[PDB]
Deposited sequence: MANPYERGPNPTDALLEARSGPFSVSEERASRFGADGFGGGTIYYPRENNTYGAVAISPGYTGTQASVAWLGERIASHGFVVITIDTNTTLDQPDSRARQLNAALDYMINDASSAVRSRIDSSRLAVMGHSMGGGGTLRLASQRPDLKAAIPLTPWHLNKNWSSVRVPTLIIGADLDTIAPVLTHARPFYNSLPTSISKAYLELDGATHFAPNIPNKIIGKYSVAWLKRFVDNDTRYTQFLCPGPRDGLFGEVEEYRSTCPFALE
């Protein structure tokens, strides 16, 4: 059996719905009370159990509100999720990486007992939009013990992520003019090791701000990636492999 399995056997409809089956509550992490980042909102399942934990970073000039819909949707599938604000809205990717790391530590050690007791601190993931997606890549290369990483329309000036060993799903936007897939998302995916679990999903007819809007495909494949790799939940493999969307690549079957 799999002791990390939660919720029903998945279907396309259940993954595309506005919320998963877990009702979620919220707990604030205030800016001054949060060491190493600018605070945020922790979404957690009311159902008492232990879950993987996920930290999500917005991009340049962005606040947690630009990723709020996605933190809540992922939590409604059985995860503890914090959407952070950064120290400043101008912080750069490698700074956002340290803030993502501090946010994981915050949920584990500084949040209330209701939050901490719902976390399996051995099962963690990071995600990020644009520069926060670059921060995701940087933290992943620094922390090989992370279970999953999901950069969303990522932005970074370093294109060499061959040091990343964390199962990584990159989501690009074909019409992105701020982080063009040709010079960001695609070289990122290609430079990740051929020997790790990884995938590249390029959204069709989407702009750089597609991750900031409730999006059926982003929620579906983000949850599937997290279920498969944070929860070891192989009921979700058949949605990642062979996969769907303008372009899809992967090291399926994994």
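Missing from the model, relative to the deposited sequence, are the stretches 1, 246-252, 263-265.
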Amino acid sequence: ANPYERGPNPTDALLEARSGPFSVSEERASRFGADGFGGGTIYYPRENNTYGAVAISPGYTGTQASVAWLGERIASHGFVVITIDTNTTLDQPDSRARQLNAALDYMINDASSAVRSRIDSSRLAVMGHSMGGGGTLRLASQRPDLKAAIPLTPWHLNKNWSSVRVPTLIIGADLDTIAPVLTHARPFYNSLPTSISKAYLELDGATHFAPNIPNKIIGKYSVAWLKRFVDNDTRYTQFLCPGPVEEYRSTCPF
From here on, numbers count along this sequence of modelled residues.
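Averaged over Cα atoms, the B-factor as recorded in the entry is higher for 204-212 than for the other of 204-212 and 53-61. Mean CA temperature factor is higher for 30-38 when stretches 222-230 and 30-38 are set side by side in the entry. When the C-alpha B-factors of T168, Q99, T89, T183 are ranked from the entry, the top spot goes to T89.
Going by the entry's values, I178 shows the largest Cα B-factor out of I108, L137, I82, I178. Among the modelled residues of the chain, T237 sits in the lowest third by CA temperature factor in this PDB entry. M131: CA B factor in the lowest third of modelled residues in this chain (values from the PDB entry).
Among all modelled residues in this chain, the alpha-carbon of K147 has a temperature factor (C-alpha) in the lowest third. When the modelled residues of the chain are ordered by their C-alpha B factor, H156 lands in the lowest third.
Among all modelled residues in this chain, the alpha-carbon of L192 has a temperature factor (C-alpha) in the lowest third.
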